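Only one chain is included here, represented as structure tokens and corresponding to the form deposited in one PDB entry.
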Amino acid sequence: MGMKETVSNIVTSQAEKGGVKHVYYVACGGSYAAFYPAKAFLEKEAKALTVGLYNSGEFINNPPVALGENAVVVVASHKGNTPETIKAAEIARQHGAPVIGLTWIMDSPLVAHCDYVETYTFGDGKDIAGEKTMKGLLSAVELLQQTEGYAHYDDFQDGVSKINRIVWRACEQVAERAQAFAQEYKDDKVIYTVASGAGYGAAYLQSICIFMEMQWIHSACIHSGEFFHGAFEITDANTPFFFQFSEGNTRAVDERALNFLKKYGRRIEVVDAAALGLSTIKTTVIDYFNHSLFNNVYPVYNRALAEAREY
């Protein structure tokens, strides 16, 4: 309802100016990675909207020439006080781009620099359907639906209705495996992550979480499609792989990579979205729900690992 209405307000306001033609997602840290699904969505699905995903520091120092009245800028900062992101919202407003801000803190400094503010669920036992990543995706879904039309809108809303129950089931499902993982890798100071597709940002965040636990070296988050092109970590006989096995249209890319790692006898912890019940969401939209699945299941593993030893 909320994001739908916000986008309707924007489509109405910008109509006389030639409408919305460009979407920018601008954030730092976890908030940047959490916008990756929205970027993947508009790249896959749009024919008449551009999409850009920027780090806030890059955006404010090097804004695109298309920033103006035919752009919408979506910013995110959990506490609403990330300075570069506040400056991004400000520069957007000065160029006449409507700004949607995503934040947990509704009286934070960010909110003064946004045209529209949306919040999200957060913390233990949140409703996933309303989490930050989902609100970012809904901005994209609505902007597409309300400008060009989106053929899989109903399928998408069906996915939104399902993701919470899928995630809480999945967290229960993995409890046992998480304990064994913790035992197997509690002494591994470096672990690579592997992923592809619209959920890649969740794997990147997991590579950060591993670094934070192990406090040694921040290692590559490898794209599945790079095995034996640019990704020669497979020649690394020491370092294990934490493998995000997606559901949807890049699953075959992941499967090829996983088969390679298996053929080399590497140590792999596989987290499989298909094994965890994501496939009740329709094939037309499931790519976009990988992030929400993995980003909310990995804490089970990370907590177990910790015990064995900017959002």
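Residues that one form lacks are left out of the comparison. We call the rigid core the largest set of C-alpha positions that still match within 1.5 Å between the two forms. Heads up: residue numbers just count along the shown sequence, starting at 1.
Keep in mind that the form deposited in another entry is not shown, yet the notes after this line are about it.
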{"property": "C-alpha displacement of 2 Å or more between this form and the one not shown on the rigid core, among 108, 219, 119, 147", "result": "219"}
{"property": "Large Cα move at residue 203 between this form and the one not shown, threshold 2 Å, rigid core", "result": "no"}
{"property": "Sense of CA distance change between residue 55 and residue 214 in the other form, threshold 3 Å", "result": "closer"}
{"property": "Closer or farther in the other form: C-alpha pair residue 213, residue 181 (3 angstroms or more)", "result": "farther"}
{"property": "Segments displaced between this form and the one not shown (3 or more residues, each Cα shift of 2 Å or more, core-superposed)", "result": "209-219"}
